[PDB]
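I have placed the structure first, in the form of structure tokens, so that the comments after it can refer back to it.
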There are 2 protein chains.
Amino acid sequence: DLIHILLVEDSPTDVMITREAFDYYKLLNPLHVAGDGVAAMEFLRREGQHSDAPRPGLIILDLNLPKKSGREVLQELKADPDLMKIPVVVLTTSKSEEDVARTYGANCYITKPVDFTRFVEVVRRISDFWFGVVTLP
Amino acid sequence: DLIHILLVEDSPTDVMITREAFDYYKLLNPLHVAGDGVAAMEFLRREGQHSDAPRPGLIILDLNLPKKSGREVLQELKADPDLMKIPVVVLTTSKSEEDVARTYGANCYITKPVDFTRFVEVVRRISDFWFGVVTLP
């Protein structure tokens, strides 16, 4: 449970689905949320209010973002020699759109919302990620 | 992923379902299997062929066991001042039987087979167990 997860999603309903999924199914991975692209880059660069953010080990990225787009966030990520290494899953709004997105992006795409099932599929699609059951005090 | 899991189940079809679930969904927890009660106690006591077995952190126990029953295994477990501390989930064959089993055993019961969904519910029902996503080389 070392790696923190950064969810860049503007929909409060959809953020709620992921929060409750992590909660009800006992995911220990710290879930962090940015509601627009400008806040997402503030988190990654660890600037401003996020001056003490942890580096995420997984970024989950919607494309519909106010203030700064999903595309801008991804483009600024892959420019940075450090942020480029971080795994990115792009949220699509429809499995049909998901077929289109993989054709031209393939595993780094899942349809939203990210409930626990979809999050389990994310973990499956990403080679270096694994589930473990940990006992705790 | 420190804790090993001991599955005491005689059905090869049902053992197959759990093996593939752990495999396809990338559970790192070592899964160990005993096909009857006598082998299960051989594992716990770490005797004979299992002289170097690891202590399990979770035991999943069918009641239909040849050679030595599910009840015998549980009774010998709770006698032992060491083995008694280990979490035990009892497999029932029907959610109806599961309602009966909890009335008189409540969370330590799930209907078989143990696919990944049911295993996730086991983890939910057991206070000190948590899921974590771990990155790996």
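The chains in the structure tokens are called A, B, ... from first to last as shown; in each chain the residues are counted from 1, and the ligands are counted from 1 in the order shown.
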Within 7 Å of chain B, which residues of chain A come that close, and what is the closest atom pair and distance in Å for each? Count only C-alpha atoms and give it as JSON lines.
```
{"residue": "A:1", "atom": "CA", "partner": "B:132", "partner_atom": "CA", "distance": 4.3}
{"residue": "A:2", "atom": "CA", "partner": "B:134", "partner_atom": "CA", "distance": 6.4}
{"residue": "A:3", "atom": "CA", "partner": "B:134", "partner_atom": "CA", "distance": 6.7}
{"residue": "A:25", "atom": "CA", "partner": "B:124", "partner_atom": "CA", "distance": 6.2}
{"residue": "A:26", "atom": "CA", "partner": "B:130", "partner_atom": "CA", "distance": 5.3}
{"residue": "A:27", "atom": "CA", "partner": "B:131", "partner_atom": "CA", "distance": 4.8}
{"residue": "A:28", "atom": "CA", "partner": "B:132", "partner_atom": "CA", "distance": 5.3}
{"residue": "A:29", "atom": "CA", "partner": "B:132", "partner_atom": "CA", "distance": 6.0}
{"residue": "A:124", "atom": "CA", "partner": "B:25", "partner_atom": "CA", "distance": 6.2}
{"residue": "A:128", "atom": "CA", "partner": "B:136", "partner_atom": "CA", "distance": 5.1}
{"residue": "A:129", "atom": "CA", "partner": "B:135", "partner_atom": "CA", "distance": 4.7}
{"residue": "A:130", "atom": "CA", "partner": "B:134", "partner_atom": "CA", "distance": 5.2}
{"residue": "A:131", "atom": "CA", "partner": "B:133", "partner_atom": "CA", "distance": 4.8}
{"residue": "A:132", "atom": "CA", "partner": "B:1", "partner_atom": "CA", "distance": 4.3}
{"residue": "A:133", "atom": "CA", "partner": "B:131", "partner_atom": "CA", "distance": 4.8}
{"residue": "A:134", "atom": "CA", "partner": "B:130", "partner_atom": "CA", "distance": 5.2}
{"residue": "A:135", "atom": "CA", "partner": "B:129", "partner_atom": "CA", "distance": 4.7}
{"residue": "A:136", "atom": "CA", "partner": "B:128", "partner_atom": "CA", "distance": 5.1}
{"residue": "A:137", "atom": "CA", "partner": "B:128", "partner_atom": "CA", "distance": 6.6}
```
Output N, CA and C atoms for every residue in that selection, as a short mmCIF file (atom, residue, chain, number, x, y, z; two decimals), in the first residue's frame.
```cif
data_model
loop_
_atom_site.label_atom_id
_atom_site.label_comp_id
_atom_site.auth_asym_id
_atom_site.auth_seq_id
_atom_site.Cartn_x
_atom_site.Cartn_y
_atom_site.Cartn_z
N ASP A 1 0.83 -1.19 0.00
CA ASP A 1 0.00 0.00 0.00
C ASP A 1 0.86 1.24 0.00
N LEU A 2 2.09 1.12 -0.49
CA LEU A 2 2.97 2.27 -0.45
C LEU A 2 2.52 3.36 -1.42
N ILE A 3 2.01 3.00 -2.59
CA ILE A 3 1.84 4.01 -3.64
C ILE A 3 0.55 4.80 -3.43
N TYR A 25 -14.18 -1.23 0.27
CA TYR A 25 -13.37 -2.41 0.00
C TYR A 25 -11.99 -2.36 0.63
N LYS A 26 -11.74 -1.39 1.51
CA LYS A 26 -10.57 -1.40 2.38
C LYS A 26 -9.27 -1.31 1.59
N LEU A 27 -9.23 -0.39 0.64
CA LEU A 27 -7.98 -0.07 -0.01
C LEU A 27 -7.19 0.84 0.90
N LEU A 28 -5.96 0.47 1.19
CA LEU A 28 -5.13 1.31 2.02
C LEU A 28 -4.45 2.43 1.25
N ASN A 29 -4.46 2.39 -0.08
CA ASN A 29 -3.66 3.32 -0.86
C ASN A 29 -4.23 4.73 -0.70
N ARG A 124 -5.15 -4.83 -13.03
CA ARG A 124 -4.83 -5.95 -13.91
C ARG A 124 -4.08 -5.48 -15.15
N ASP A 128 3.19 -3.74 -13.51
CA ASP A 128 3.96 -3.75 -12.27
C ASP A 128 3.09 -3.59 -11.03
N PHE A 129 1.77 -3.55 -11.16
CA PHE A 129 0.87 -3.38 -10.02
C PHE A 129 0.30 -4.72 -9.57
N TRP A 130 0.19 -4.91 -8.26
CA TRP A 130 -0.32 -6.15 -7.70
C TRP A 130 -1.20 -5.86 -6.49
N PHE A 131 -2.20 -6.72 -6.27
CA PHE A 131 -2.98 -6.69 -5.05
C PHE A 131 -2.33 -7.55 -3.97
N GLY A 132 -2.32 -7.04 -2.75
CA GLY A 132 -1.96 -7.86 -1.62
C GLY A 132 -2.86 -7.64 -0.43
N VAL A 133 -3.17 -8.69 0.31
CA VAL A 133 -3.93 -8.56 1.55
C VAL A 133 -2.95 -8.39 2.69
N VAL A 134 -3.07 -7.30 3.43
CA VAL A 134 -2.16 -7.02 4.53
C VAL A 134 -2.91 -7.05 5.85
N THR A 135 -2.31 -7.70 6.83
CA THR A 135 -2.85 -7.67 8.17
C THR A 135 -2.37 -6.40 8.87
N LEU A 136 -3.21 -5.87 9.76
CA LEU A 136 -2.98 -4.58 10.38
C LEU A 136 -3.41 -4.64 11.84
N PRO A 137 -2.63 -4.04 12.75
CA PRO A 137 -2.92 -3.86 14.18
C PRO A 137 -4.36 -3.48 14.49
#
```
**OP:** Show which residues sit within 10 Å of residue 41 in chain A, as a ChimeraX atom specification. Count only C-alpha atoms, and ignore same-chain residues fewer than 2 positions away.
**Re:** /A:8,34,36-39,43-47,50,68,72-74,76-77
Just-selected residues, C-alpha atoms written as a short mmCIF file (atom, residue, chain, number, x, y, z; two decimals), in the first residue's frame:
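Written output follows (out08.cif):
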```
data_model
loop_
_atom_site.label_atom_id
_atom_site.label_comp_id
_atom_site.auth_asym_id
_atom_site.auth_seq_id
_atom_site.Cartn_x
_atom_site.Cartn_y
_atom_site.Cartn_z
CA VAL A 8 -7.96 14.05 -11.51
CA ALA A 34 -7.70 17.27 -7.95
CA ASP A 36 -9.15 20.56 -12.47
CA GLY A 37 -5.94 20.54 -14.47
CA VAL A 38 -4.34 23.52 -12.72
CA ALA A 39 -4.71 21.83 -9.35
CA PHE A 43 -0.04 18.53 -6.99
CA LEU A 44 2.55 16.92 -9.27
CA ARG A 45 4.95 19.85 -9.08
CA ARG A 46 4.22 20.05 -5.32
CA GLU A 47 3.70 23.82 -5.44
CA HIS A 50 0.30 21.13 -2.44
CA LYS A 68 -6.75 23.27 -17.67
CA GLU A 72 -2.72 19.77 -21.17
CA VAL A 73 -2.09 17.78 -17.98
CA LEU A 74 -0.93 14.69 -19.91
CA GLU A 76 2.95 18.51 -19.32
CA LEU A 77 3.42 15.13 -17.62
#
```
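For the residues A:103, A:122, A:112, A:10, ranking by smallest atom-to-atom distance to residue 88 in chain A using only C-alpha atoms places A:122 first.
For the atom pair formed by CA of residue 91 in chain B and CA of residue 109 in chain B, the distance is 5.9 Å, given to one decimal.
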Original post:
Please, what distance in Å, to one decimal, runs between CA of residue 19 in chain B and CA of residue 18 in chain A?
Top reply: 27.8 Å
**OP:** Run DSSP on the backbone of this structure and report the residues of chain B it assigns to strand (DSSP E or B), as a ChimeraX atom specification.
**Re:** /B:4-8,27,31-34,56-61,88-92,109-111,129-135
**OP:** Enumerate the residues of chain B with a DSSP assignment of alpha helix (DSSP H), computed from the backbone, and present them as number ranges by chain.
**Re:** B: 12-24, 37-45, 70-79, 95-104, 116-125
Residue selection dump (N, CA and C atoms) as a compact mmCIF listing (two decimals), in the first residue's frame:
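Below you can see part-v9.txt, which holds the result:
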```
# COMPACT_ATOMS: atom_id res chain seq x y z
N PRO B 12 -11.67 -30.30 -6.48
CA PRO B 12 -10.66 -29.77 -7.40
C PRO B 12 -11.19 -28.66 -8.30
N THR B 13 -12.45 -28.75 -8.73
CA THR B 13 -13.07 -27.65 -9.45
C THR B 13 -13.05 -26.37 -8.63
N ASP B 14 -13.42 -26.47 -7.35
CA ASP B 14 -13.49 -25.28 -6.49
C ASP B 14 -12.10 -24.77 -6.14
N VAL B 15 -11.13 -25.67 -5.95
CA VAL B 15 -9.75 -25.22 -5.77
C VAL B 15 -9.27 -24.49 -7.01
N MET B 16 -9.68 -24.97 -8.19
CA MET B 16 -9.28 -24.35 -9.44
C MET B 16 -9.80 -22.91 -9.54
N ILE B 17 -11.05 -22.69 -9.11
CA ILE B 17 -11.65 -21.36 -9.15
C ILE B 17 -10.86 -20.37 -8.31
N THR B 18 -10.42 -20.79 -7.13
CA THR B 18 -9.67 -19.88 -6.28
C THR B 18 -8.27 -19.62 -6.84
N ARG B 19 -7.61 -20.66 -7.36
CA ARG B 19 -6.27 -20.50 -7.93
C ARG B 19 -6.29 -19.49 -9.07
N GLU B 20 -7.24 -19.65 -9.99
CA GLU B 20 -7.33 -18.75 -11.13
C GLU B 20 -7.73 -17.35 -10.71
N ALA B 21 -8.58 -17.22 -9.67
CA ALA B 21 -8.95 -15.90 -9.17
C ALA B 21 -7.72 -15.16 -8.64
N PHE B 22 -6.95 -15.81 -7.76
CA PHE B 22 -5.69 -15.26 -7.27
C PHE B 22 -4.73 -14.94 -8.41
N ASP B 23 -4.72 -15.78 -9.44
CA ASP B 23 -3.83 -15.57 -10.57
C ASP B 23 -4.28 -14.40 -11.44
N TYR B 24 -5.53 -14.43 -11.92
CA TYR B 24 -5.98 -13.42 -12.87
C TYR B 24 -6.05 -12.04 -12.23
N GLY B 37 -8.59 -33.12 5.82
CA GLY B 37 -8.30 -32.63 7.16
C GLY B 37 -6.95 -33.05 7.68
N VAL B 38 -6.55 -34.30 7.40
CA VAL B 38 -5.26 -34.81 7.88
C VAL B 38 -4.11 -34.00 7.29
N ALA B 39 -4.19 -33.67 6.00
CA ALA B 39 -3.16 -32.82 5.41
C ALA B 39 -3.22 -31.41 5.99
N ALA B 40 -4.41 -30.92 6.35
CA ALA B 40 -4.53 -29.57 6.89
C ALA B 40 -3.83 -29.46 8.23
N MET B 41 -4.03 -30.44 9.11
CA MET B 41 -3.32 -30.44 10.37
C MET B 41 -1.82 -30.69 10.18
N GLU B 42 -1.44 -31.46 9.17
CA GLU B 42 -0.03 -31.62 8.86
C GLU B 42 0.61 -30.28 8.50
N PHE B 43 -0.14 -29.45 7.77
CA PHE B 43 0.33 -28.12 7.41
C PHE B 43 0.47 -27.22 8.63
N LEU B 44 -0.61 -27.09 9.41
CA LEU B 44 -0.58 -26.21 10.58
C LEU B 44 0.53 -26.62 11.54
N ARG B 45 0.58 -27.90 11.90
CA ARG B 45 1.60 -28.36 12.82
C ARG B 45 2.98 -28.40 12.18
N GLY B 70 -14.14 -31.34 8.44
CA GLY B 70 -13.97 -29.91 8.67
C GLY B 70 -14.10 -29.58 10.14
N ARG B 71 -15.05 -30.23 10.82
CA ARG B 71 -15.24 -29.99 12.25
C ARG B 71 -14.02 -30.40 13.05
N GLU B 72 -13.44 -31.57 12.76
CA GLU B 72 -12.24 -31.98 13.48
C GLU B 72 -11.13 -30.95 13.33
N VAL B 73 -10.92 -30.44 12.11
CA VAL B 73 -9.85 -29.47 11.89
C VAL B 73 -10.07 -28.22 12.75
N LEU B 74 -11.29 -27.67 12.71
CA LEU B 74 -11.61 -26.49 13.50
C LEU B 74 -11.44 -26.75 15.00
N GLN B 75 -11.92 -27.90 15.48
CA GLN B 75 -11.81 -28.21 16.90
C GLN B 75 -10.35 -28.32 17.33
N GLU B 76 -9.50 -28.91 16.47
CA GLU B 76 -8.10 -29.03 16.84
C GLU B 76 -7.41 -27.68 16.77
N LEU B 77 -7.89 -26.80 15.89
CA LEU B 77 -7.36 -25.45 15.78
C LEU B 77 -7.58 -24.68 17.08
N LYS B 78 -8.83 -24.58 17.52
CA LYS B 78 -9.15 -23.79 18.70
C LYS B 78 -8.64 -24.40 20.00
N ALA B 79 -8.27 -25.68 20.00
CA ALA B 79 -7.59 -26.22 21.17
C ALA B 79 -6.19 -25.63 21.30
N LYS B 95 -26.04 -19.88 0.37
CA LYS B 95 -26.31 -18.69 1.18
C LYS B 95 -27.35 -18.99 2.25
N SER B 96 -28.29 -19.88 1.96
CA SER B 96 -29.23 -20.32 2.99
C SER B 96 -28.49 -21.01 4.13
N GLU B 97 -27.64 -21.99 3.80
CA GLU B 97 -26.78 -22.60 4.82
C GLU B 97 -25.90 -21.57 5.51
N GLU B 98 -25.53 -20.50 4.80
CA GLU B 98 -24.72 -19.46 5.40
C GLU B 98 -25.51 -18.71 6.47
N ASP B 99 -26.81 -18.52 6.27
CA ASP B 99 -27.62 -17.89 7.31
C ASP B 99 -27.68 -18.79 8.53
N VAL B 100 -27.77 -20.10 8.32
CA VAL B 100 -27.81 -21.03 9.43
C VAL B 100 -26.48 -21.06 10.15
N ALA B 101 -25.38 -21.08 9.40
CA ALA B 101 -24.07 -21.21 10.01
C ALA B 101 -23.74 -20.02 10.90
N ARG B 102 -24.11 -18.81 10.49
CA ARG B 102 -23.76 -17.65 11.30
C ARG B 102 -24.61 -17.59 12.57
N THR B 103 -25.87 -18.03 12.49
CA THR B 103 -26.72 -18.08 13.66
C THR B 103 -26.07 -18.83 14.81
N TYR B 104 -25.27 -19.87 14.52
CA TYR B 104 -24.76 -20.75 15.56
C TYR B 104 -23.25 -20.94 15.62
N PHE B 116 -12.87 -14.34 -6.91
CA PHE B 116 -12.26 -13.12 -6.40
C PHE B 116 -13.28 -12.25 -5.68
N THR B 117 -14.51 -12.19 -6.19
CA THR B 117 -15.55 -11.43 -5.52
C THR B 117 -15.76 -11.91 -4.09
N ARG B 118 -15.99 -13.21 -3.91
CA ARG B 118 -16.20 -13.73 -2.57
C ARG B 118 -14.98 -13.49 -1.70
N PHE B 119 -13.78 -13.65 -2.27
CA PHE B 119 -12.59 -13.40 -1.48
C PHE B 119 -12.51 -11.95 -1.06
N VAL B 120 -12.97 -11.04 -1.92
CA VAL B 120 -12.98 -9.64 -1.53
C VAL B 120 -13.93 -9.44 -0.35
N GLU B 121 -15.08 -10.13 -0.36
CA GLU B 121 -16.00 -10.03 0.76
C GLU B 121 -15.39 -10.62 2.03
N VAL B 122 -14.66 -11.72 1.92
CA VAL B 122 -13.94 -12.23 3.09
C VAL B 122 -13.09 -11.13 3.70
N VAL B 123 -12.27 -10.50 2.86
CA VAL B 123 -11.39 -9.44 3.34
C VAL B 123 -12.20 -8.33 4.02
N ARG B 124 -13.37 -7.99 3.45
CA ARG B 124 -14.21 -6.97 4.05
C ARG B 124 -14.70 -7.39 5.43
N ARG B 125 -15.09 -8.66 5.57
CA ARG B 125 -15.72 -9.14 6.80
C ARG B 125 -14.74 -9.31 7.95
```
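By only C-alpha atoms, and with residues fewer than 5 positions from residue 93 in chain A along its chain excluded, the set lying at most 10 Å from it is residues 62, 63, 64, 98, 110, 111, 112 and 113 of chain A.
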Atoms to include: N, CA, C and O atoms. Write the selected residues as an mmCIF file, in the first residue's frame.
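Once written, result-v2.cif looks like this:
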```
data_model
loop_
_atom_site.group_PDB
_atom_site.id
_atom_site.type_symbol
_atom_site.label_atom_id
_atom_site.label_comp_id
_atom_site.auth_asym_id
_atom_site.auth_seq_id
_atom_site.Cartn_x
_atom_site.Cartn_y
_atom_site.Cartn_z
ATOM 1 N N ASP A 62 -9.203 12.237 -15.985
ATOM 2 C CA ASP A 62 -10.283 12.598 -16.881
ATOM 3 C C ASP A 62 -9.757 13.594 -17.908
ATOM 4 O O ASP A 62 -8.737 14.256 -17.705
ATOM 5 N N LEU A 63 -10.449 13.673 -19.039
ATOM 6 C CA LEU A 63 -10.114 14.645 -20.068
ATOM 7 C C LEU A 63 -10.938 15.923 -19.959
ATOM 8 O O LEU A 63 -10.435 17.008 -20.274
ATOM 9 N N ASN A 64 -12.192 15.813 -19.517
ATOM 10 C CA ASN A 64 -13.055 16.962 -19.253
ATOM 11 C C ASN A 64 -12.649 17.661 -17.962
ATOM 12 O O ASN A 64 -13.215 17.373 -16.902
ATOM 13 N N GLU A 98 -13.709 4.114 -25.406
ATOM 14 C CA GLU A 98 -12.518 3.414 -24.945
ATOM 15 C C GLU A 98 -11.863 2.640 -26.086
ATOM 16 O O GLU A 98 -10.632 2.538 -26.149
ATOM 17 N N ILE A 110 -9.765 3.312 -19.126
ATOM 18 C CA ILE A 110 -10.926 2.620 -18.588
ATOM 19 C C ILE A 110 -12.096 3.582 -18.583
ATOM 20 O O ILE A 110 -11.930 4.799 -18.461
ATOM 21 N N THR A 111 -13.286 3.022 -18.727
ATOM 22 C CA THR A 111 -14.490 3.821 -18.721
ATOM 23 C C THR A 111 -14.809 4.251 -17.300
ATOM 24 O O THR A 111 -14.579 3.512 -16.339
ATOM 25 N N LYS A 112 -15.277 5.456 -17.161
ATOM 26 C CA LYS A 112 -15.641 5.879 -15.830
ATOM 27 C C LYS A 112 -17.109 5.552 -15.583
ATOM 28 O O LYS A 112 -17.871 5.326 -16.528
ATOM 29 N N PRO A 113 -17.550 5.500 -14.317
ATOM 30 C CA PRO A 113 -16.826 5.844 -13.092
ATOM 31 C C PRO A 113 -15.918 4.734 -12.640
ATOM 32 O O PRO A 113 -16.062 3.606 -13.069
#
```
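With only C-alpha atoms as the atoms that count, the minimum distance from residue 90 in chain A to the choices A:33, A:6, A:60, A:65 is reached by A:60.
The coordinates place CA of residue 67 in chain B at 20.4 Å from CA of residue 83 in chain B.
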